[PDB]
file my_file.txt (compact mmCIF, C-alpha atoms and all ligand atoms)
# COMPACT_ATOMS: atom_id res chain seq x y z
CA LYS A 1 47.97 60.40 3.09
CA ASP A 2 44.88 59.99 5.35
CA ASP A 3 42.83 57.96 2.82
CA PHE A 4 45.58 55.30 2.79
CA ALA A 5 45.77 55.28 6.63
CA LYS A 6 42.03 54.64 6.82
CA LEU A 7 42.51 51.75 4.37
CA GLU A 8 45.31 50.39 6.55
CA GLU A 9 42.88 50.50 9.51
CA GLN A 10 39.89 49.07 7.63
CA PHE A 11 41.80 46.09 6.25
CA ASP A 12 44.28 45.78 9.16
CA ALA A 13 47.22 45.73 6.77
CA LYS A 14 50.34 47.76 5.93
CA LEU A 15 50.27 49.47 2.48
CA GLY A 16 53.10 50.36 0.09
CA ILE A 17 52.24 52.59 -2.86
CA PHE A 18 54.16 54.17 -5.63
CA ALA A 19 52.45 55.66 -8.66
CA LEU A 20 53.89 57.84 -11.39
CA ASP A 21 52.19 59.60 -14.24
CA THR A 22 54.87 59.31 -16.94
CA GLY A 23 53.40 62.35 -18.69
CA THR A 24 53.47 64.85 -15.83
CA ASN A 25 55.89 63.36 -13.25
CA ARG A 26 53.15 63.62 -10.64
CA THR A 27 53.50 60.84 -8.08
CA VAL A 28 51.35 59.34 -5.33
CA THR A 29 53.30 57.73 -2.51
CA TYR A 30 52.61 55.91 0.75
CA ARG A 31 55.36 53.97 2.54
CA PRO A 32 57.06 53.96 -0.89
CA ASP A 33 60.38 52.78 0.50
CA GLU A 34 59.17 50.13 2.96
CA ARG A 35 60.17 46.54 2.12
CA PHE A 36 57.57 43.86 1.34
CA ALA A 37 58.02 40.28 0.06
CA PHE A 38 57.67 40.71 -3.70
CA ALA A 39 56.21 37.23 -4.27
CA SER A 40 55.08 36.50 -7.89
CA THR A 41 55.54 40.08 -9.01
CA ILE A 42 59.16 38.94 -9.50
CA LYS A 43 57.82 36.93 -12.47
CA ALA A 44 57.39 40.13 -14.49
CA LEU A 45 60.94 41.33 -13.93
CA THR A 46 62.21 37.79 -14.63
CA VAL A 47 60.62 37.79 -18.08
CA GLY A 48 61.93 41.39 -18.40
CA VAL A 49 65.47 40.02 -18.00
CA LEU A 50 64.85 36.98 -20.23
CA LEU A 51 63.72 39.31 -23.03
CA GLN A 52 67.03 41.19 -22.66
CA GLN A 53 68.98 37.95 -23.24
CA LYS A 54 66.84 35.97 -25.70
CA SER A 55 65.94 36.67 -29.31
CA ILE A 56 62.36 36.06 -30.46
CA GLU A 57 63.40 32.82 -32.15
CA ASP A 58 65.35 31.76 -29.00
CA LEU A 59 61.87 31.75 -27.41
CA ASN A 60 60.85 28.88 -29.72
CA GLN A 61 63.41 26.63 -27.96
CA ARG A 62 61.81 23.58 -26.33
CA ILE A 63 62.55 23.06 -22.62
CA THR A 64 62.15 19.50 -21.27
CA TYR A 65 61.62 18.87 -17.56
CA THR A 66 60.35 16.12 -15.21
CA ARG A 67 57.71 15.36 -12.54
CA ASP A 68 60.41 16.00 -9.93
CA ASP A 69 61.05 19.44 -11.47
CA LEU A 70 57.44 20.37 -10.64
CA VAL A 71 56.68 22.33 -7.45
CA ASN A 72 53.43 23.13 -5.54
CA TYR A 73 51.35 25.15 -8.04
CA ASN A 74 51.86 24.40 -11.71
CA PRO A 75 48.55 24.97 -13.56
CA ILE A 76 50.10 24.83 -17.07
CA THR A 77 53.46 23.07 -16.62
CA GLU A 78 52.17 19.92 -14.87
CA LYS A 79 50.08 19.30 -17.99
CA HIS A 80 53.19 19.20 -20.24
CA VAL A 81 55.85 17.01 -18.54
CA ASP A 82 55.75 14.50 -21.44
CA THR A 83 56.20 17.00 -24.26
CA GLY A 84 58.08 19.97 -22.81
CA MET A 85 57.29 23.65 -23.44
CA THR A 86 58.88 26.47 -25.48
CA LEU A 87 60.32 29.45 -23.57
CA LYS A 88 57.56 31.54 -25.17
CA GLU A 89 54.90 29.25 -23.61
CA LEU A 90 56.67 29.23 -20.25
CA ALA A 91 56.70 33.06 -20.21
CA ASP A 92 53.01 33.07 -21.06
CA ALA A 93 52.19 30.60 -18.25
CA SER A 94 54.44 32.40 -15.74
CA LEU A 95 52.95 35.85 -16.40
CA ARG A 96 49.25 35.09 -16.95
CA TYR A 97 48.69 32.15 -14.62
CA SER A 98 51.62 32.72 -12.22
CA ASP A 99 52.82 29.14 -12.88
CA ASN A 100 55.69 28.50 -10.36
CA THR A 101 57.59 25.83 -12.36
CA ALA A 102 57.40 28.07 -15.45
CA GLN A 103 59.01 30.84 -13.39
CA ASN A 104 61.70 28.43 -12.05
CA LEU A 105 62.58 27.16 -15.53
CA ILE A 106 62.85 30.73 -16.81
CA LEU A 107 65.02 31.74 -13.85
CA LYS A 108 67.41 28.84 -14.54
CA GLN A 109 67.67 30.00 -18.17
CA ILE A 110 68.86 33.41 -17.03
CA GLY A 111 71.41 31.98 -14.56
CA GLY A 112 69.47 31.81 -11.25
CA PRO A 113 68.60 34.37 -8.57
CA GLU A 114 72.08 35.89 -8.32
CA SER A 115 72.05 36.51 -12.10
CA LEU A 116 68.59 38.11 -11.89
CA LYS A 117 69.94 40.28 -9.01
CA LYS A 118 73.00 41.32 -11.05
CA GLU A 119 70.83 42.26 -14.02
CA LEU A 120 68.52 44.35 -11.83
CA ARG A 121 71.53 46.14 -10.30
CA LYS A 122 72.74 46.91 -13.88
CA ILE A 123 69.49 48.77 -14.70
CA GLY A 124 69.76 50.78 -11.47
CA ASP A 125 67.53 48.71 -9.15
CA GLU A 126 69.65 48.60 -5.96
CA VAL A 127 66.75 47.43 -3.76
CA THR A 128 65.14 44.26 -5.14
CA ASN A 129 66.84 41.23 -3.64
CA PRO A 130 66.06 37.81 -5.23
CA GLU A 131 67.61 34.75 -3.52
CA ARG A 132 65.15 31.89 -4.04
CA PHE A 133 62.99 29.96 -6.51
CA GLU A 134 59.20 29.51 -6.30
CA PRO A 135 57.37 28.78 -4.00
CA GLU A 136 59.92 29.29 -1.22
CA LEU A 137 60.60 32.96 -2.18
CA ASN A 138 56.95 33.86 -1.24
CA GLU A 139 57.76 33.33 2.46
CA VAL A 140 59.58 36.24 4.09
CA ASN A 141 59.66 36.93 7.82
CA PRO A 142 59.64 40.41 9.48
CA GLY A 143 62.91 42.32 9.21
CA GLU A 144 64.24 40.03 6.47
CA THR A 145 65.47 41.47 3.15
CA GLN A 146 65.72 38.24 1.11
CA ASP A 147 63.21 38.21 -1.75
CA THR A 148 61.95 41.70 -0.89
CA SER A 149 61.71 45.05 -2.65
CA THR A 150 59.74 48.30 -2.29
CA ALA A 151 56.78 49.84 -4.10
CA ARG A 152 59.17 52.39 -5.62
CA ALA A 153 61.78 49.90 -6.87
CA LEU A 154 59.27 47.37 -8.26
CA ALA A 155 57.38 50.11 -10.16
CA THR A 156 60.64 51.65 -11.46
CA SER A 157 62.00 48.26 -12.52
CA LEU A 158 58.67 47.38 -14.18
CA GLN A 159 58.68 50.85 -15.85
CA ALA A 160 62.26 50.11 -17.10
CA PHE A 161 61.40 46.98 -19.07
CA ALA A 162 57.89 47.89 -20.23
CA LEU A 163 58.24 51.63 -21.08
CA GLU A 164 61.94 52.67 -21.29
CA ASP A 165 64.83 51.56 -23.52
CA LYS A 166 65.82 48.51 -21.41
CA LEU A 167 64.00 46.49 -24.03
CA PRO A 168 63.54 47.28 -27.74
CA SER A 169 59.92 48.16 -28.75
CA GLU A 170 58.88 44.73 -30.05
CA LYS A 171 59.98 43.05 -26.82
CA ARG A 172 58.29 45.78 -24.77
CA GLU A 173 55.06 45.05 -26.73
CA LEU A 174 55.39 41.32 -26.08
CA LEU A 175 55.81 41.85 -22.33
CA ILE A 176 52.93 44.32 -22.21
CA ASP A 177 50.67 42.03 -24.29
CA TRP A 178 51.20 39.12 -21.86
CA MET A 179 50.56 41.38 -18.87
CA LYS A 180 47.42 42.91 -20.45
CA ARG A 181 46.02 39.37 -20.76
CA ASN A 182 46.81 38.40 -17.14
CA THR A 183 44.16 36.10 -15.63
CA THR A 184 44.94 36.56 -11.90
CA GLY A 185 44.28 40.29 -11.34
CA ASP A 186 40.56 40.95 -11.96
CA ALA A 187 39.86 41.93 -8.34
CA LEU A 188 42.94 44.07 -7.78
CA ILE A 189 44.18 47.12 -9.74
CA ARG A 190 41.74 46.26 -12.57
CA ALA A 191 38.83 46.61 -10.13
CA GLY A 192 40.00 50.08 -9.03
CA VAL A 193 40.43 51.93 -12.33
CA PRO A 194 37.69 53.78 -14.27
CA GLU A 195 35.93 52.34 -17.32
CA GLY A 196 38.10 52.43 -20.46
CA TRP A 197 41.42 52.33 -18.59
CA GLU A 198 43.79 49.63 -19.92
CA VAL A 199 45.75 47.50 -17.43
CA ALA A 200 48.80 45.27 -17.68
CA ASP A 201 49.52 43.76 -14.29
CA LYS A 202 51.34 41.02 -12.39
CA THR A 203 49.95 39.85 -9.00
CA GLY A 204 51.68 38.36 -6.00
CA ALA A 205 50.65 36.60 -2.80
CA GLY A 206 52.91 35.57 0.10
CA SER A 207 53.13 34.75 3.82
CA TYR A 208 51.84 37.28 6.34
CA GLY A 209 48.82 37.96 4.10
CA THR A 210 51.10 39.68 1.56
CA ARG A 211 49.03 40.76 -1.45
CA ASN A 212 50.66 42.71 -4.31
CA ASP A 213 49.84 44.05 -7.75
CA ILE A 214 52.21 45.87 -10.08
CA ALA A 215 51.02 47.47 -13.27
CA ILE A 216 51.28 49.81 -16.17
CA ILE A 217 47.92 51.51 -16.71
CA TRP A 218 46.65 53.65 -19.60
CA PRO A 219 43.91 56.31 -19.23
CA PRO A 220 41.62 56.76 -22.27
CA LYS A 221 43.97 59.55 -23.40
CA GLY A 222 47.42 60.47 -22.08
CA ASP A 223 50.65 58.82 -21.03
CA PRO A 224 50.73 55.59 -18.95
CA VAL A 225 50.76 55.46 -15.18
CA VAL A 226 53.21 53.09 -13.44
CA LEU A 227 51.73 51.63 -10.20
CA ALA A 228 52.93 49.27 -7.47
CA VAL A 229 50.52 48.42 -4.66
CA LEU A 230 52.07 46.20 -1.98
CA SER A 231 50.57 44.95 1.28
CA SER A 232 51.29 42.71 4.25
CA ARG A 233 49.72 41.93 7.63
CA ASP A 234 51.11 41.08 11.08
CA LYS A 235 50.21 37.35 11.29
CA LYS A 236 52.08 34.62 9.39
CA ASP A 237 48.95 32.72 8.35
CA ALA A 238 46.77 35.80 7.64
CA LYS A 239 44.33 35.94 4.75
CA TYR A 240 44.47 38.91 2.41
CA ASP A 241 41.44 40.84 1.03
CA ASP A 242 41.71 41.86 -2.67
CA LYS A 243 39.38 44.83 -1.95
CA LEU A 244 42.29 46.60 -0.21
CA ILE A 245 44.21 46.81 -3.51
CA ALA A 246 41.14 47.83 -5.53
CA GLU A 247 40.25 50.64 -3.10
CA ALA A 248 43.86 51.82 -2.78
CA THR A 249 43.99 52.03 -6.59
CA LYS A 250 40.81 54.15 -6.54
CA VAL A 251 42.57 56.52 -4.13
CA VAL A 252 45.54 56.72 -6.53
CA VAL A 253 43.27 57.48 -9.48
CA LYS A 254 41.42 60.23 -7.52
CA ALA A 255 44.72 61.78 -6.39
CA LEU A 256 46.06 61.79 -9.94
CA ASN A 257 42.81 63.36 -11.24
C1 LIG A 301 53.11 34.14 -6.37
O1 LIG A 301 52.71 35.16 -5.80
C2 LIG A 301 52.52 32.85 -6.04
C3 LIG A 301 51.90 32.68 -4.87
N1 LIG A 301 51.35 31.51 -4.55
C4 LIG A 301 50.69 31.35 -3.25
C5 LIG A 301 49.31 31.97 -3.21
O2 LIG A 301 48.65 32.05 -4.27
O3 LIG A 301 48.86 32.39 -2.12
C6 LIG A 301 50.73 29.88 -2.78
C7 LIG A 301 49.88 29.00 -3.71
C8 LIG A 301 50.19 29.71 -1.35
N2 LIG A 301 50.82 30.60 -0.36
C9 LIG A 301 50.57 31.85 0.07
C10 LIG A 301 51.54 32.16 1.02
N3 LIG A 301 52.37 31.10 1.18
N4 LIG A 301 51.94 30.08 0.31
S1 LIG A 301 52.31 29.30 -2.81
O4 LIG A 301 52.81 29.27 -4.16
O5 LIG A 301 53.16 30.16 -2.03
call {"tool": "encode", "arguments": {"input": "my_file.txt", "output": "structure tokens"}}
result
Amino acid sequence: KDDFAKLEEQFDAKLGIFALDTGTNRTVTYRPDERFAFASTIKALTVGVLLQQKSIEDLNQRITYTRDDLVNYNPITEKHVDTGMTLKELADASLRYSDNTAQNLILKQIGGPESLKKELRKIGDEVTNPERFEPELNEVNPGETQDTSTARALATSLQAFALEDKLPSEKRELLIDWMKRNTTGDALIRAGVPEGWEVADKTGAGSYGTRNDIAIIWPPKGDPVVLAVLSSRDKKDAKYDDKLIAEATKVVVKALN
């Protein structure tokens, strides 16, 4: 646990780590049960739940929306107000670009934050606590439990949809394929794994310099590793440093080797 403490001192941040080798049941933990704002990592679990409810052809359904439906950061969705987008394309934009309107439209389709919460409780996640849409969910103050979870619960919930029987294999593959092709995580978990390791991740960023990455990772040979790396800082307007997540990942890899 001293390598993580030194990282917490170097980057002046609090770290939350849970890693599991699905093949050996070896874990690496550090503040595994401390709450952090989940931020955009919730996008992964939201698509997890959508996949539970929608058939593949349901995903071809066109969703119309307006300029007023758009929020702060909509890289894909703002470009398609006139024509709408299929659920499939919204999931793609939400996961790989972290498009906030895409997320919000998907969350509405599943019934809103309380419905997402209920579905997570059903799969045994008693920790994750969604209450809000994007971008307001990204802002969580100290001591608050709204829109928070833990390294352990995020990893376990991600593990549930991507690797266990919470989704049938084809839908697992679809989720994994989107997350493999994520565009926002090059400097995080991806930067901390050895050459030839495959990564499917979702990133998050929030107030208090909160910087998260959750992933399934595959060594060259062997079973996948489930990893959540969460972080926050003590000032509301703090900047995060991606190098903290990359280095923490390197510690996880070393400890698992
Ligand atoms: C999901 O994690 C999306 C996060 N968006 C952040 C960000 O990228 O830092 C925005 C754009 C800015 N931000 C950070 C903290 N509070 N606002 S916004 O969508 O929250």
call {"tool": "closest_atom_pairs", "arguments": {"input": "my_file.txt", "of": "chain A", "to": "ligand LIG 301 (chain A)", "cutoff": "6 Å", "atoms": "all atoms listed in the file", "output": "CSV"}}
result
residue,atom,partner,partner_atom,distance
A:39,CA,A:LIG301,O1,4.3
A:40,CA,A:LIG301,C1,3.4
A:73,CA,A:LIG301,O4,5.8
A:135,CA,A:LIG301,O4,4.6
A:138,CA,A:LIG301,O5,5.4
A:139,CA,A:LIG301,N3,6.0
A:204,CA,A:LIG301,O1,3.4
A:205,CA,A:LIG301,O1,3.9
A:206,CA,A:LIG301,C10,3.8
A:207,CA,A:LIG301,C10,4.1
call {"tool": "residues_around", "arguments": {"input": "my_file.txt", "residues": "residue 86 of chain A", "least_positions_apart": "3", "cutoff": "12 Å", "atoms": "all atoms listed in the file", "output": "list in words"}}
result
residues 56, 57, 58, 59, 60, 61, 62, 63, 64, 65, 77, 80, 83, 89, 90, 91, 92, 93, 102, 105, 106 and 109 of chain A
call {"tool": "closest_residue", "arguments": {"input": "my_file.txt", "among": "A:2, A:170, A:186, A:198", "to": "residue 242 of chain A", "atoms": "all atoms listed in the file"}}
result
A:186
call {"tool": "closest_residue", "arguments": {"input": "my_file.txt", "among": "A:214, A:160, A:189, A:228", "to": "residue 249 of chain A", "atoms": "all atoms listed in the file"}}
result
A:189
call {"tool": "residues_around", "arguments": {"input": "my_file.txt", "residues": "residue 33 of chain A", "least_positions_apart": "5", "cutoff": "8 Å", "atoms": "all atoms listed in the file", "output": "list in words"}}
result
residues 16, 150, 151 and 152 of chain A
call {"tool": "closest_residue", "arguments": {"input": "my_file.txt", "among": "A:142, A:196, A:124, A:75", "to": "residue 97 of chain A", "atoms": "all atoms listed in the file"}}
result
A:75
call {"tool": "atom_distance", "arguments": {"input": "my_file.txt", "atom1": "atom CA of residue 255 of chain A", "atom2": "atom CA of residue 27 of chain A"}}
result
9.0 Å
call {"tool": "atom_distance", "arguments": {"input": "my_file.txt", "atom1": "atom CA of residue 146 of chain A", "atom2": "atom CA of residue 88 of chain A"}}
result
28.3 Å
call {"tool": "residues_around", "arguments": {"input": "my_file.txt", "residues": "residue 229 of chain A", "least_positions_apart": "6", "cutoff": "6 Å", "atoms": "all atoms listed in the file", "output": "number ranges by chain"}}
result
A: 16-17, 212-213
call {"tool": "decode", "arguments": {"input": "my_file.txt", "residues": "segment 46-168 of chain A", "atoms": "C-alpha atoms", "output": "tab-separated table (two decimals), in the first residue's frame"}}
result
chain	number	residue	atom	x	y	z
A	46	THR	CA	-26.10	3.17	-18.35
A	47	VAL	CA	-25.46	1.42	-21.67
A	48	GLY	CA	-25.11	-1.80	-19.61
A	49	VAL	CA	-28.72	-1.32	-18.45
A	50	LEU	CA	-29.98	-0.22	-21.88
A	51	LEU	CA	-28.58	-3.45	-23.37
A	52	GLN	CA	-30.58	-5.40	-20.77
A	53	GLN	CA	-33.82	-3.73	-21.94
A	54	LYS	CA	-33.34	-3.24	-25.69
A	55	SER	CA	-33.04	-5.77	-28.49
A	56	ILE	CA	-30.42	-5.20	-31.20
A	57	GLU	CA	-33.10	-4.00	-33.61
A	58	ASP	CA	-34.58	-1.72	-30.89
A	59	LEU	CA	-31.19	0.04	-31.17
A	60	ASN	CA	-32.05	1.05	-34.76
A	61	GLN	CA	-34.89	3.25	-33.41
A	62	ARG	CA	-34.45	6.93	-34.33
A	63	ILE	CA	-34.52	9.41	-31.43
A	64	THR	CA	-35.43	13.03	-32.30
A	65	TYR	CA	-34.42	15.90	-30.00
A	66	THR	CA	-34.00	19.70	-30.09
A	67	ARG	CA	-31.44	22.50	-29.55
A	68	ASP	CA	-32.96	23.00	-26.09
A	69	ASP	CA	-32.37	19.30	-25.32
A	70	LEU	CA	-28.62	19.92	-25.79
A	71	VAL	CA	-26.42	20.54	-22.74
A	72	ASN	CA	-22.81	21.83	-22.29
A	73	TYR	CA	-20.66	19.24	-24.11
A	74	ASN	CA	-22.22	17.46	-27.05
A	75	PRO	CA	-19.48	16.64	-29.61
A	76	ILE	CA	-21.66	14.27	-31.69
A	77	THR	CA	-25.27	15.12	-30.75
A	78	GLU	CA	-25.12	18.87	-31.50
A	79	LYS	CA	-24.24	17.91	-35.07
A	80	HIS	CA	-27.49	15.91	-35.50
A	81	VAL	CA	-30.40	18.00	-34.13
A	82	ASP	CA	-32.03	18.17	-37.60
A	83	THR	CA	-31.95	14.45	-38.34
A	84	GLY	CA	-32.00	12.65	-34.99
A	85	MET	CA	-29.84	9.65	-34.02
A	86	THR	CA	-30.45	5.91	-33.54
A	87	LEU	CA	-30.00	4.48	-30.02
A	88	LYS	CA	-27.03	2.54	-31.41
A	89	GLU	CA	-25.36	5.83	-32.48
A	90	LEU	CA	-26.19	7.50	-29.16
A	91	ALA	CA	-24.55	4.61	-27.26
A	92	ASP	CA	-21.50	4.91	-29.49
A	93	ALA	CA	-21.24	8.69	-28.89
A	94	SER	CA	-21.88	8.34	-25.15
A	95	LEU	CA	-19.23	5.65	-24.61
A	96	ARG	CA	-16.45	6.73	-26.99
A	97	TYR	CA	-16.72	10.51	-26.88
A	98	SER	CA	-18.52	10.88	-23.52
A	99	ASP	CA	-21.27	12.93	-25.24
A	100	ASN	CA	-23.50	14.30	-22.40
A	101	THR	CA	-26.76	14.69	-24.40
A	102	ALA	CA	-26.29	11.14	-25.75
A	103	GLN	CA	-26.05	9.93	-22.15
A	104	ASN	CA	-29.16	11.97	-21.13
A	105	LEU	CA	-31.23	10.61	-24.03
A	106	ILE	CA	-30.20	7.06	-23.16
A	107	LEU	CA	-31.01	7.60	-19.48
A	108	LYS	CA	-34.51	8.85	-20.38
A	109	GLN	CA	-35.02	5.70	-22.48
A	110	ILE	CA	-34.34	3.54	-19.45
A	111	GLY	CA	-36.65	5.55	-17.16
A	112	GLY	CA	-34.31	8.13	-15.56
A	113	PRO	CA	-31.86	8.02	-12.64
A	114	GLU	CA	-34.19	6.23	-10.22
A	115	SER	CA	-34.72	3.46	-12.82
A	116	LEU	CA	-30.94	3.16	-13.37
A	117	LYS	CA	-30.56	2.96	-9.54
A	118	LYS	CA	-33.23	0.23	-9.28
A	119	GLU	CA	-31.57	-1.80	-12.02
A	120	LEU	CA	-28.16	-1.53	-10.33
A	121	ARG	CA	-29.70	-2.64	-7.01
A	122	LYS	CA	-31.19	-5.68	-8.85
A	123	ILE	CA	-27.72	-6.86	-9.97
A	124	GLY	CA	-26.39	-6.49	-6.42
A	125	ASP	CA	-24.83	-2.99	-6.60
A	126	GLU	CA	-26.04	-1.44	-3.31
A	127	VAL	CA	-23.54	1.45	-3.45
A	128	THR	CA	-23.80	3.38	-6.73
A	129	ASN	CA	-26.28	6.21	-6.31
A	130	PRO	CA	-27.42	8.02	-9.52
A	131	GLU	CA	-29.73	11.03	-9.04
A	132	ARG	CA	-28.94	13.44	-11.88
A	133	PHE	CA	-28.42	13.89	-15.62
A	134	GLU	CA	-25.25	15.22	-17.31
A	135	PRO	CA	-23.48	17.59	-16.69
A	136	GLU	CA	-24.87	18.32	-13.23
A	137	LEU	CA	-24.09	14.79	-11.89
A	138	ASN	CA	-20.30	15.51	-12.30
A	139	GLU	CA	-20.44	17.98	-9.39
A	140	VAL	CA	-20.42	16.35	-5.96
A	141	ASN	CA	-19.37	18.08	-2.75
A	142	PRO	CA	-17.49	16.46	0.19
A	143	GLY	CA	-19.58	14.10	2.32
A	144	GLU	CA	-22.33	13.87	-0.31
A	145	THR	CA	-23.50	10.48	-1.62
A	146	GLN	CA	-25.56	11.63	-4.63
A	147	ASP	CA	-24.00	10.48	-7.90
A	148	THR	CA	-21.20	8.63	-6.10
A	149	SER	CA	-19.92	5.07	-5.92
A	150	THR	CA	-16.71	3.26	-4.92
A	151	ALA	CA	-13.85	1.65	-6.82
A	152	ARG	CA	-15.16	-1.75	-5.72
A	153	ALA	CA	-18.80	-1.20	-6.76
A	154	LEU	CA	-17.99	0.44	-10.12
A	155	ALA	CA	-15.56	-2.38	-11.06
A	156	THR	CA	-18.03	-5.08	-9.91
A	157	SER	CA	-20.92	-3.46	-11.77
A	158	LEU	CA	-18.75	-3.05	-14.88
A	159	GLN	CA	-17.62	-6.71	-14.48
A	160	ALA	CA	-21.34	-7.71	-14.25
A	161	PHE	CA	-22.37	-6.35	-17.64
A	162	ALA	CA	-19.15	-6.94	-19.58
A	163	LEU	CA	-18.03	-10.38	-18.27
A	164	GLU	CA	-20.85	-12.14	-16.34
A	165	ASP	CA	-24.35	-13.31	-17.34
A	166	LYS	CA	-26.08	-9.93	-16.78
A	167	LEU	CA	-25.94	-9.58	-20.54
A	168	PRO	CA	-26.00	-12.34	-23.19
